[PDB]
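Each remark here refers to the structure printed beneath this line.
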Amino acid sequence: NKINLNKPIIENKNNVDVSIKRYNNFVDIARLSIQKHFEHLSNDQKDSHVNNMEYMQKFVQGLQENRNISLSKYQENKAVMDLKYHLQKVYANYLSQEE
Ligand SMILES: CCCCCCCCCCCCCCCCCCCC(=O)O[C@H](COC(=O)CCCCCCCCCCCCCC)COP(=O)(O)OCCN
């Protein structure tokens, strides 16, 4: 139940959405999961990852396989955007910690 950042990114070819309830709950889980990964990163790493798109994609893709849920392409891109917003806030809190 861990994620491998060494797997390359694959095109999501599913165009059948999961329900909003499943999508939101998934995003909740993806949020905390990448938060824990990001918080364990070193200082210089969290600087290069906060806005790293490929990093969030690899996370959304891994999490889909592991949780055996298949988002649609559109849902996967929306989930990545969401993880971005979340990471920015995690990072904000970390920076003010450091202060
Ligand atoms: C496609 C685009 C989609 C984008 C969607 C946007 C949707 C908005 C996002 C949902 C809104 C929730 C946002 C909460 C703020 C997040 C920023 C804090 C994240 C964070 O790192 O806090 C960790 C704990 O989490 C926490 O529990 C702290 C959270 C702070 C909550 C802020 C208080 C607000 C009051 C709540 C009212 C409810 C509002 C009703 C909607 C602390 O880090 P750590 O504990 O892991 O460890 C390190 C400590 N040493």
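All of the numbers you see were taken from the coordinates with simple rules; none came from a lab. Note that each Cβ is placed from the backbone with ideal geometry, even for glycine, and that neighbours are counted across all protein chains shown.
Data overview
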quantity	calculated
Under 14 Å, Cβ to Cβ, from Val18 - net charge with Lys/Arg +1 and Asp/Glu -1	+2
Under 5 Å, built H, 5+ apart or other chain: amide partners of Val50	none
Positive minus negative residues near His37 (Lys, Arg vs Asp, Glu; Cβ under 13 Å)	+4
Value at 222 nm in deg cm²/dmol, rounded to 500, when DSSP H runs of n ≥ 4 in the chain each add -39,500 (n - 2.57)	-23000 deg cm²/dmol
Neighbourhood net charge (15 Å Cβ-Cβ; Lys/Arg +1, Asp/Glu -1) for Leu5	+3
Residue-by-residue Karplus 3J(HN,Hα) for the stretch 65-70, coefficients 6.51, -1.76, 1.60, Hz, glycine and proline x	4, 4, 8, 6, 10, 10
Estimated vicinal HN-Hα couplings, Hz - the stretch 37-49 in sequence order (Karplus 6.51, -1.76, 1.60; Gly, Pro = x)	5, 5, 7, 9, 4, 5, 3, 5, 5, 5, 4, 8, 9
Sequence-distant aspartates and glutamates (8 or more away, or on other chains) whose Cα lies within less than 16 Å of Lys7	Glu54, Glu65
For the chain: Kirkwood Rh in Å [reciprocal of mean 1/r, alpha carbons]	13.9
